[PDB]
C-alpha cells in the first residue's frame, strides 16, 4: 500500500534551527516528494495527553477530531509564509502525500503552510 518514492531530498540538521528538508537538485512542479504513514491518536488521548507533549509541534487534524503524526519525512518539513509544498491526507490509507507547489531549485528548503485543513483526497 506504500512503496519507496525515491526523491532528491536530504535532511539538514543544525544546532541552530533544528531539522529541515532540502532539495538536492531541481524538482518539477507537482512532483510527489513523500508519502508518510500516519500514527493516529484518538481525540480523547490527544486532548487528555498528546497535546501536552512535543507532538503539539507537528501533528495534523484528522477525521472525527482524531490527530495524526506523520512518520516518514512528513514531520520534518518546516512552515513558511510562502510554502513550496502542499499535501493531501488519505483517510482510507492512513497517510499524507506531499507535492511540490512549483519548480524547486537546488538547495531550497521544502516548506509547508502554517495552516492545517480537514478534507481528504479519498472523500
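Residue numbers count along the first chain shown, from 1.
For the pair 76-84 and 34-42, the mean Cα B-factor is higher in 76-84.
Taking the mean C-alpha B-factor of each stretch as recorded, 48-56 and 24-32 are not equal, and the higher mean is that of 24-32. Residue 97 sits in the middle third of its chain by CA B factor, as recorded in the PDB entry. Annotation for residue 104: CA B-factor lies in the highest third of the chain's modelled residues.
In the deposited entry, the Cα temperature factor of residue 112 places it in the lowest third of its chain's modelled residues.
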